[PDB]
$ cat coords-v7.cif   # mmCIF, N, CA and C atoms
data_input
#
loop_
_atom_site.label_atom_id
_atom_site.label_comp_id
_atom_site.auth_asym_id
_atom_site.auth_seq_id
_atom_site.Cartn_x
_atom_site.Cartn_y
_atom_site.Cartn_z
N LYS U 98 37.81 43.14 56.39
CA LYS U 98 38.54 44.36 56.09
C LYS U 98 37.63 45.56 56.29
N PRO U 99 38.14 46.68 56.82
CA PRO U 99 37.30 47.87 56.97
C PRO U 99 36.61 48.27 55.68
N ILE U 100 35.29 48.12 55.66
CA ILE U 100 34.52 48.30 54.45
C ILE U 100 34.04 49.74 54.38
N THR U 101 33.74 50.18 53.17
CA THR U 101 33.24 51.53 52.93
C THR U 101 31.98 51.55 52.09
N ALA U 102 31.85 50.65 51.12
CA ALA U 102 30.68 50.60 50.26
C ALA U 102 30.54 49.19 49.70
N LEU U 103 29.46 48.97 48.95
CA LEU U 103 29.20 47.67 48.37
C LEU U 103 30.25 47.34 47.31
N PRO U 104 30.48 46.05 47.04
CA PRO U 104 31.42 45.69 45.97
C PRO U 104 30.90 46.13 44.61
N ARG U 105 31.84 46.42 43.71
CA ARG U 105 31.48 46.99 42.41
C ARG U 105 30.60 46.07 41.58
N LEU U 106 30.63 44.76 41.84
CA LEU U 106 29.82 43.84 41.06
C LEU U 106 28.33 44.03 41.28
N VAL U 107 27.94 44.62 42.41
CA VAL U 107 26.52 44.75 42.74
C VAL U 107 26.12 46.22 42.77
N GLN U 108 26.83 47.05 42.02
CA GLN U 108 26.57 48.48 42.01
C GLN U 108 25.63 48.90 40.88
N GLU U 109 26.04 48.66 39.64
CA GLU U 109 25.28 49.14 38.50
C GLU U 109 23.96 48.39 38.36
N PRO U 110 22.84 49.09 38.15
CA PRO U 110 21.56 48.40 37.98
C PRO U 110 21.37 47.76 36.61
N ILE U 111 21.89 48.39 35.56
CA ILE U 111 21.79 47.89 34.20
C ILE U 111 23.19 47.89 33.60
N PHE U 112 23.79 46.71 33.49
CA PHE U 112 25.16 46.61 33.04
C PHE U 112 25.30 47.06 31.60
N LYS U 113 26.36 47.82 31.33
CA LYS U 113 26.64 48.28 29.98
C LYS U 113 27.27 47.17 29.16
N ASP U 114 27.04 47.22 27.86
CA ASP U 114 27.76 46.34 26.95
C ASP U 114 29.21 46.80 26.89
N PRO U 115 30.18 45.89 26.99
CA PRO U 115 31.59 46.32 26.98
C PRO U 115 31.98 47.07 25.72
N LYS U 116 31.47 46.63 24.56
CA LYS U 116 31.76 47.34 23.32
C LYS U 116 30.98 48.64 23.23
N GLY U 117 29.74 48.64 23.71
CA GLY U 117 28.87 49.79 23.59
C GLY U 117 27.59 49.43 22.88
N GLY U 118 26.47 49.98 23.34
CA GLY U 118 25.20 49.68 22.73
C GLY U 118 24.11 49.38 23.74
N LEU U 119 23.23 48.45 23.39
CA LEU U 119 22.10 48.13 24.25
C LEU U 119 22.58 47.63 25.61
N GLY U 120 22.01 48.18 26.68
CA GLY U 120 22.33 47.72 28.01
C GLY U 120 21.63 46.43 28.36
N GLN U 121 22.08 45.82 29.45
CA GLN U 121 21.52 44.55 29.89
C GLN U 121 21.28 44.58 31.39
N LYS U 122 20.29 43.80 31.83
CA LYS U 122 19.93 43.76 33.24
C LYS U 122 21.10 43.26 34.07
N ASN U 123 21.20 43.79 35.29
CA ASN U 123 22.23 43.37 36.24
C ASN U 123 21.54 42.57 37.34
N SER U 124 21.65 41.25 37.26
CA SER U 124 21.11 40.41 38.32
C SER U 124 21.79 40.70 39.64
N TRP U 125 23.11 40.90 39.61
CA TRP U 125 23.85 41.21 40.82
C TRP U 125 23.39 42.50 41.47
N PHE U 126 22.75 43.40 40.72
CA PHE U 126 22.10 44.53 41.36
C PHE U 126 20.83 44.09 42.07
N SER U 127 20.02 43.26 41.42
CA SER U 127 18.75 42.84 41.99
C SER U 127 18.16 41.73 41.13
N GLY U 128 17.24 40.99 41.73
CA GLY U 128 16.46 40.00 41.02
C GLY U 128 14.99 40.32 41.11
N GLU U 129 14.13 39.43 40.62
CA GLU U 129 12.70 39.67 40.64
C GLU U 129 11.98 38.40 41.06
N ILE U 130 11.00 38.53 41.95
CA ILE U 130 10.15 37.42 42.35
C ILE U 130 8.86 37.47 41.54
N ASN U 131 8.54 36.36 40.87
CA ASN U 131 7.41 36.27 39.96
C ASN U 131 6.56 35.05 40.30
N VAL U 132 6.16 34.94 41.56
CA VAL U 132 5.26 33.88 41.98
C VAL U 132 3.82 34.32 41.74
N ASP U 133 3.01 33.41 41.21
CA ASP U 133 1.62 33.72 40.91
C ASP U 133 0.66 33.29 42.01
N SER U 134 0.98 32.21 42.72
CA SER U 134 0.11 31.76 43.81
C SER U 134 0.03 32.81 44.91
N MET U 135 1.16 33.43 45.25
CA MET U 135 1.18 34.55 46.17
C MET U 135 1.07 35.89 45.45
N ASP U 136 0.88 35.87 44.13
CA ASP U 136 0.69 37.05 43.29
C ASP U 136 1.68 38.16 43.62
N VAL U 137 2.96 37.80 43.66
CA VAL U 137 4.04 38.76 43.82
C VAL U 137 4.92 38.65 42.58
N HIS U 138 4.88 39.67 41.73
CA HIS U 138 5.56 39.69 40.43
C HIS U 138 6.39 40.95 40.30
N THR U 139 7.19 41.22 41.32
CA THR U 139 7.90 42.48 41.44
C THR U 139 9.37 42.21 41.77
N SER U 140 10.22 43.19 41.47
CA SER U 140 11.64 43.07 41.75
C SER U 140 11.91 43.22 43.24
N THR U 141 13.11 42.82 43.64
CA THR U 141 13.56 42.93 45.01
C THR U 141 14.21 44.30 45.22
N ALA U 142 14.86 44.49 46.36
CA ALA U 142 15.39 45.80 46.70
C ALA U 142 16.65 45.63 47.55
N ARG U 143 17.42 46.71 47.62
CA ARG U 143 18.63 46.79 48.44
C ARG U 143 18.54 48.06 49.28
N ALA U 144 17.86 47.96 50.42
CA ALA U 144 17.70 49.10 51.33
C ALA U 144 18.97 49.21 52.17
N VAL U 145 20.01 49.77 51.55
CA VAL U 145 21.31 49.86 52.20
C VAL U 145 21.21 50.73 53.45
N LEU K 866 34.24 27.28 20.51
CA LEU K 866 33.96 28.01 19.28
C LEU K 866 32.58 28.66 19.33
N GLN K 867 31.59 27.93 19.84
CA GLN K 867 30.24 28.48 19.91
C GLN K 867 30.23 29.77 20.73
N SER K 868 30.86 29.75 21.90
CA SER K 868 30.91 30.94 22.73
C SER K 868 31.66 32.07 22.03
N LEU K 869 32.80 31.75 21.42
CA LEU K 869 33.61 32.80 20.80
C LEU K 869 32.87 33.46 19.64
N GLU K 870 32.17 32.66 18.82
CA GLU K 870 31.47 33.24 17.68
C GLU K 870 30.21 33.97 18.11
N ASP K 871 29.54 33.50 19.17
CA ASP K 871 28.41 34.25 19.69
C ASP K 871 28.86 35.59 20.26
N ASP K 872 30.06 35.64 20.82
CA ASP K 872 30.61 36.92 21.26
C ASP K 872 30.77 37.85 20.06
N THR K 873 30.52 39.14 20.30
CA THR K 873 30.53 40.14 19.24
C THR K 873 31.55 41.24 19.45
N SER K 874 31.97 41.49 20.69
CA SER K 874 32.81 42.63 21.01
C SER K 874 34.25 42.35 20.59
N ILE K 875 35.17 43.20 21.06
CA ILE K 875 36.58 43.11 20.68
C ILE K 875 37.16 41.74 20.99
N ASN K 876 36.58 41.01 21.93
CA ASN K 876 36.98 39.65 22.21
C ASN K 876 36.27 38.64 21.33
N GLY K 877 35.34 39.08 20.50
CA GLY K 877 34.57 38.16 19.69
C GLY K 877 35.39 37.54 18.58
N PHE K 878 34.94 36.36 18.14
CA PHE K 878 35.57 35.69 17.02
C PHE K 878 35.42 36.48 15.73
N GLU K 879 34.34 37.26 15.61
CA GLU K 879 34.10 38.01 14.39
C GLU K 879 35.21 39.02 14.14
N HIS K 880 35.66 39.71 15.18
CA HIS K 880 36.69 40.73 15.02
C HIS K 880 38.02 40.12 14.59
N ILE K 881 38.44 39.05 15.27
CA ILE K 881 39.71 38.43 14.92
C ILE K 881 39.63 37.83 13.52
N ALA K 882 38.47 37.29 13.13
CA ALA K 882 38.32 36.79 11.77
C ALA K 882 38.40 37.92 10.76
N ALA K 883 37.80 39.07 11.07
CA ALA K 883 37.78 40.18 10.14
C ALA K 883 39.11 40.89 10.03
N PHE K 884 40.02 40.67 10.99
CA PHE K 884 41.41 41.11 10.82
C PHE K 884 41.93 40.88 9.40
N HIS K 885 41.56 39.75 8.82
CA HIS K 885 42.06 39.34 7.51
C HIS K 885 41.06 39.70 6.42
N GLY K 886 40.84 41.00 6.26
CA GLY K 886 39.89 41.48 5.27
C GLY K 886 39.33 42.86 5.59
N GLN K 887 38.01 42.99 5.56
CA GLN K 887 37.27 44.21 5.84
C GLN K 887 36.63 44.15 7.22
N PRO K 888 36.54 45.28 7.95
CA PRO K 888 37.02 46.61 7.57
C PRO K 888 38.54 46.71 7.62
N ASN K 889 39.09 47.74 6.99
CA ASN K 889 40.51 47.81 6.71
C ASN K 889 41.18 48.88 7.57
N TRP K 890 42.22 48.48 8.29
CA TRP K 890 43.07 49.39 9.05
C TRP K 890 44.48 49.39 8.48
N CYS K 891 44.60 49.09 7.19
CA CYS K 891 45.86 48.76 6.57
C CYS K 891 46.08 49.69 5.39
N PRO K 892 47.30 50.22 5.22
CA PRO K 892 48.49 49.92 6.02
C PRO K 892 48.50 50.64 7.36
N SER K 893 48.18 51.86 7.35
CA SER K 893 48.08 52.66 8.56
C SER K 893 46.63 52.66 9.04
N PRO K 894 46.39 52.86 10.34
CA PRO K 894 45.00 52.99 10.79
C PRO K 894 44.28 54.13 10.10
N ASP K 895 44.99 55.22 9.81
CA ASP K 895 44.42 56.40 9.17
C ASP K 895 45.09 56.59 7.82
N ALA K 896 44.34 56.39 6.74
CA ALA K 896 44.83 56.63 5.40
C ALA K 896 43.65 56.88 4.48
N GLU K 897 43.87 57.70 3.46
CA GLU K 897 42.83 57.96 2.48
C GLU K 897 42.47 56.71 1.69
N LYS K 898 43.41 55.78 1.57
CA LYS K 898 43.17 54.50 0.90
C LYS K 898 43.51 53.37 1.86
N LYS K 899 42.67 52.34 1.88
CA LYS K 899 42.83 51.23 2.80
C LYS K 899 42.81 49.91 2.06
N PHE K 900 43.70 49.00 2.46
CA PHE K 900 43.75 47.65 1.91
C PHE K 900 43.73 46.66 3.07
N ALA K 901 43.99 45.38 2.79
CA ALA K 901 44.07 44.36 3.82
C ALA K 901 45.53 44.01 4.07
N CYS K 902 45.87 43.75 5.34
CA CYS K 902 47.23 43.35 5.69
C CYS K 902 47.49 41.86 5.49
N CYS K 903 46.74 41.17 4.64
CA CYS K 903 47.08 39.80 4.29
C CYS K 903 48.28 39.86 3.35
N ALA K 904 49.47 39.90 3.94
CA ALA K 904 50.69 40.02 3.16
C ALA K 904 50.86 38.80 2.26
N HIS K 905 50.60 38.97 0.97
CA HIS K 905 50.69 37.89 0.01
C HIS K 905 51.86 38.15 -0.92
N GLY K 906 52.74 37.16 -1.05
CA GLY K 906 53.92 37.30 -1.86
C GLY K 906 55.05 38.06 -1.21
N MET K 907 54.83 38.63 -0.03
CA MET K 907 55.91 39.31 0.66
C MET K 907 56.84 38.29 1.30
N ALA K 908 57.86 38.80 1.98
CA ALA K 908 58.79 37.96 2.72
C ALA K 908 58.40 37.81 4.18
N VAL K 909 57.26 38.35 4.58
CA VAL K 909 56.80 38.27 5.96
C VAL K 909 55.51 37.46 6.07
N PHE K 910 55.07 36.86 4.97
CA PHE K 910 53.82 36.10 4.96
C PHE K 910 53.78 34.98 6.00
N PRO K 911 54.78 34.10 6.10
CA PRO K 911 54.73 33.09 7.17
C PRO K 911 54.68 33.70 8.56
N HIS K 912 55.41 34.79 8.79
CA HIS K 912 55.38 35.44 10.09
C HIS K 912 53.98 35.94 10.41
N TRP K 913 53.34 36.59 9.43
CA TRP K 913 52.01 37.13 9.66
C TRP K 913 51.01 36.02 9.95
#
$ encode --input "coords-v7.cif" --output "structure tokens"
Amino acid sequence: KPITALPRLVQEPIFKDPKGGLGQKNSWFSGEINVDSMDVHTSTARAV
Amino acid sequence: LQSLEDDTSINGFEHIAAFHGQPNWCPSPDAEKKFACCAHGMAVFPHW
């Protein structure tokens, strides 16, 4: 289908609590690589 | 049950359980005095 932007599930970086209060991480926004042998302990990116 | 009780928001088990007690939205949501809608001795108790 003619697309315009990313799906809403992968938009917000820190998902809000539905009731309200402390926010929570959004994996669907991004994840993090924490390998020690290659010493990469940083989050990923979405260079749209 | 475990999932429902761990839930805390409007879908949580805590809210539906607290319907029958405190906090009080009874009789009206807005009133200077509040009670519980556990209709006891009324003619609508089985319905409730």
$ atom_distance --input "coords-v7.cif" --atom1 "atom CA of residue U:127" --atom2 "atom CA of residue U:141"
6.0 Å
$ closest_residue --input "coords-v7.cif" --among "K:875, K:869, K:891, K:907" --to "chain U" --atoms "only C-alpha atoms"
K:875
$ residues_around --input "coords-v7.cif" --residues "residue U:140" --least-positions-apart "5" --cutoff "6.5 Å" --atoms "all atoms listed in the file" --output "list in words"
residues 128, 129 and 130 of chain U
$ interface_residues --input "coords-v7.cif" --of "chain K" --to "chain U" --cutoff "12 Å" --atoms "only C-alpha atoms" --output "list in words"
residues 872, 873, 874, 875, 876, 877 and 880 of chain K
$ select_by_dssp --input "coords-v7.cif" --residues "chain K" --states "helix (DSSP H, G or I)" --output "PyMOL selection string"
chain K and resi 867-871+878-883
$ atom_distance --input "coords-v7.cif" --atom1 "atom CA of residue U:125" --atom2 "atom CA of residue K:878"
27.1 Å
$ select_by_dssp --input "coords-v7.cif" --residues "chain U" --states "strand (DSSP E)" --output "ChimeraX atom specification"
/U:111-112,121-122,129-132,137-140
$ residues_around --input "coords-v7.cif" --residues "residue U:123" --least-positions-apart "4" --cutoff "5 Å" --atoms "all atoms listed in the file" --output "list in words"
residues 110, 111, 112 and 127 of chain U
$ resolve_selection --input "coords-v7.cif" --expression "the PyMOL selection byres (((chain U and resi 102-107 and name CA) around 7) and name CA)" --output "ChimeraX atom specification"
/U:100-101,108-109,125-126
$ resolve_selection --input "coords-v7.cif" --expression "the PyMOL selection byres ((chain K and resi 885) around 6.5)" --output "PDB file with N, CA and C atoms, in the frame of the given file"
ATOM      1  N   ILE K 881      38.440  39.050  15.270  1.00  0.00           N
ATOM      2  CA  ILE K 881      39.710  38.430  14.920  1.00  0.00           C
ATOM      3  C   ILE K 881      39.630  37.830  13.520  1.00  0.00           C
ATOM      4  N   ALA K 882      38.470  37.290  13.130  1.00  0.00           N
ATOM      5  CA  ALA K 882      38.320  36.790  11.770  1.00  0.00           C
ATOM      6  C   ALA K 882      38.400  37.920  10.760  1.00  0.00           C
ATOM      7  N   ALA K 883      37.800  39.070  11.070  1.00  0.00           N
ATOM      8  CA  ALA K 883      37.780  40.180  10.140  1.00  0.00           C
ATOM      9  C   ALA K 883      39.110  40.890  10.030  1.00  0.00           C
ATOM     10  N   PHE K 884      40.020  40.670  10.990  1.00  0.00           N
ATOM     11  CA  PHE K 884      41.410  41.110  10.820  1.00  0.00           C
ATOM     12  C   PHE K 884      41.930  40.880   9.400  1.00  0.00           C
ATOM     13  N   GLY K 886      40.840  41.000   6.260  1.00  0.00           N
ATOM     14  CA  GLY K 886      39.890  41.480   5.270  1.00  0.00           C
ATOM     15  C   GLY K 886      39.330  42.860   5.590  1.00  0.00           C
ATOM     16  N   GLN K 887      38.010  42.990   5.560  1.00  0.00           N
ATOM     17  CA  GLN K 887      37.270  44.210   5.840  1.00  0.00           C
ATOM     18  C   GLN K 887      36.630  44.150   7.220  1.00  0.00           C
ATOM     19  N   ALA K 901      43.990  45.380   2.790  1.00  0.00           N
ATOM     20  CA  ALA K 901      44.070  44.360   3.820  1.00  0.00           C
ATOM     21  C   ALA K 901      45.530  44.010   4.070  1.00  0.00           C
ATOM     22  N   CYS K 902      45.870  43.750   5.340  1.00  0.00           N
ATOM     23  CA  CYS K 902      47.230  43.350   5.690  1.00  0.00           C
ATOM     24  C   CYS K 902      47.490  41.860   5.490  1.00  0.00           C
ATOM     25  N   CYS K 903      46.740  41.170   4.640  1.00  0.00           N
ATOM     26  CA  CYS K 903      47.080  39.800   4.290  1.00  0.00           C
ATOM     27  C   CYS K 903      48.280  39.860   3.350  1.00  0.00           C
TER      28      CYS K 903
END
$ atom_distance --input "coords-v7.cif" --atom1 "atom N of residue K:879" --atom2 "atom C of residue U:124"
27.3 Å
$ build_atoms --input "coords-v7.cif" --residues "stretch 870-888 of chain K" --atoms "N, CA, C and O atoms" --output "PDB file, keeping the file's coordinate frame"
ATOM      1  N   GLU K 870      32.170  32.660  18.820  1.00  0.00           N
ATOM      2  CA  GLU K 870      31.470  33.240  17.680  1.00  0.00           C
ATOM      3  C   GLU K 870      30.210  33.970  18.110  1.00  0.00           C
ATOM      4  O   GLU K 870      29.824  34.955  17.475  1.00  0.00           O
ATOM      5  N   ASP K 871      29.540  33.500  19.170  1.00  0.00           N
ATOM      6  CA  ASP K 871      28.410  34.250  19.690  1.00  0.00           C
ATOM      7  C   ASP K 871      28.860  35.590  20.260  1.00  0.00           C
ATOM      8  O   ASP K 871      28.107  36.571  20.197  1.00  0.00           O
ATOM      9  N   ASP K 872      30.060  35.640  20.820  1.00  0.00           N
ATOM     10  CA  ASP K 872      30.610  36.920  21.260  1.00  0.00           C
ATOM     11  C   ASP K 872      30.770  37.850  20.060  1.00  0.00           C
ATOM     12  O   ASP K 872      31.088  37.422  18.954  1.00  0.00           O
ATOM     13  N   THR K 873      30.520  39.140  20.300  1.00  0.00           N
ATOM     14  CA  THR K 873      30.530  40.140  19.240  1.00  0.00           C
ATOM     15  C   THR K 873      31.550  41.240  19.450  1.00  0.00           C
ATOM     16  O   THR K 873      32.003  41.843  18.473  1.00  0.00           O
ATOM     17  N   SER K 874      31.970  41.490  20.690  1.00  0.00           N
ATOM     18  CA  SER K 874      32.810  42.630  21.010  1.00  0.00           C
ATOM     19  C   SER K 874      34.250  42.350  20.590  1.00  0.00           C
ATOM     20  O   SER K 874      34.545  41.409  19.849  1.00  0.00           O
ATOM     21  N   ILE K 875      35.170  43.200  21.060  1.00  0.00           N
ATOM     22  CA  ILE K 875      36.580  43.110  20.680  1.00  0.00           C
ATOM     23  C   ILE K 875      37.160  41.740  20.990  1.00  0.00           C
ATOM     24  O   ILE K 875      38.157  41.345  20.374  1.00  0.00           O
ATOM     25  N   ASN K 876      36.580  41.010  21.930  1.00  0.00           N
ATOM     26  CA  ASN K 876      36.980  39.650  22.210  1.00  0.00           C
ATOM     27  C   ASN K 876      36.270  38.640  21.330  1.00  0.00           C
ATOM     28  O   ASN K 876      36.578  37.444  21.412  1.00  0.00           O
ATOM     29  N   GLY K 877      35.340  39.080  20.500  1.00  0.00           N
ATOM     30  CA  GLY K 877      34.570  38.160  19.690  1.00  0.00           C
ATOM     31  C   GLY K 877      35.390  37.540  18.580  1.00  0.00           C
ATOM     32  O   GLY K 877      36.403  38.073  18.122  1.00  0.00           O
ATOM     33  N   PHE K 878      34.940  36.360  18.140  1.00  0.00           N
ATOM     34  CA  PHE K 878      35.570  35.690  17.020  1.00  0.00           C
ATOM     35  C   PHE K 878      35.420  36.480  15.730  1.00  0.00           C
ATOM     36  O   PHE K 878      36.277  36.405  14.847  1.00  0.00           O
ATOM     37  N   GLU K 879      34.340  37.260  15.610  1.00  0.00           N
ATOM     38  CA  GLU K 879      34.100  38.010  14.390  1.00  0.00           C
ATOM     39  C   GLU K 879      35.210  39.020  14.140  1.00  0.00           C
ATOM     40  O   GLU K 879      35.679  39.166  13.004  1.00  0.00           O
ATOM     41  N   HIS K 880      35.660  39.710  15.180  1.00  0.00           N
ATOM     42  CA  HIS K 880      36.690  40.730  15.020  1.00  0.00           C
ATOM     43  C   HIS K 880      38.020  40.120  14.590  1.00  0.00           C
ATOM     44  O   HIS K 880      38.677  40.605  13.658  1.00  0.00           O
ATOM     45  N   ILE K 881      38.440  39.050  15.270  1.00  0.00           N
ATOM     46  CA  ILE K 881      39.710  38.430  14.920  1.00  0.00           C
ATOM     47  C   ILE K 881      39.630  37.830  13.520  1.00  0.00           C
ATOM     48  O   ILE K 881      40.615  37.857  12.773  1.00  0.00           O
ATOM     49  N   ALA K 882      38.470  37.290  13.130  1.00  0.00           N
ATOM     50  CA  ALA K 882      38.320  36.790  11.770  1.00  0.00           C
ATOM     51  C   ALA K 882      38.400  37.920  10.760  1.00  0.00           C
ATOM     52  O   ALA K 882      38.993  37.763   9.686  1.00  0.00           O
ATOM     53  N   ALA K 883      37.800  39.070  11.070  1.00  0.00           N
ATOM     54  CA  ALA K 883      37.780  40.180  10.140  1.00  0.00           C
ATOM     55  C   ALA K 883      39.110  40.890  10.030  1.00  0.00           C
ATOM     56  O   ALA K 883      39.306  41.672   9.095  1.00  0.00           O
ATOM     57  N   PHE K 884      40.020  40.670  10.990  1.00  0.00           N
ATOM     58  CA  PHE K 884      41.410  41.110  10.820  1.00  0.00           C
ATOM     59  C   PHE K 884      41.930  40.880   9.400  1.00  0.00           C
ATOM     60  O   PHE K 884      42.649  41.719   8.854  1.00  0.00           O
ATOM     61  N   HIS K 885      41.560  39.750   8.820  1.00  0.00           N
ATOM     62  CA  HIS K 885      42.060  39.340   7.510  1.00  0.00           C
ATOM     63  C   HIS K 885      41.060  39.700   6.420  1.00  0.00           C
ATOM     64  O   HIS K 885      40.494  38.838   5.740  1.00  0.00           O
ATOM     65  N   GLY K 886      40.840  41.000   6.260  1.00  0.00           N
ATOM     66  CA  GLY K 886      39.890  41.480   5.270  1.00  0.00           C
ATOM     67  C   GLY K 886      39.330  42.860   5.590  1.00  0.00           C
ATOM     68  O   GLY K 886      40.094  43.792   5.857  1.00  0.00           O
ATOM     69  N   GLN K 887      38.010  42.990   5.560  1.00  0.00           N
ATOM     70  CA  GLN K 887      37.270  44.210   5.840  1.00  0.00           C
ATOM     71  C   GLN K 887      36.630  44.150   7.220  1.00  0.00           C
ATOM     72  O   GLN K 887      36.219  43.070   7.665  1.00  0.00           O
ATOM     73  N   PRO K 888      36.540  45.280   7.950  1.00  0.00           N
ATOM     74  CA  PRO K 888      37.020  46.610   7.570  1.00  0.00           C
ATOM     75  C   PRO K 888      38.540  46.710   7.620  1.00  0.00           C
ATOM     76  O   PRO K 888      39.198  45.871   8.225  1.00  0.00           O
TER      77      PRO K 888
END
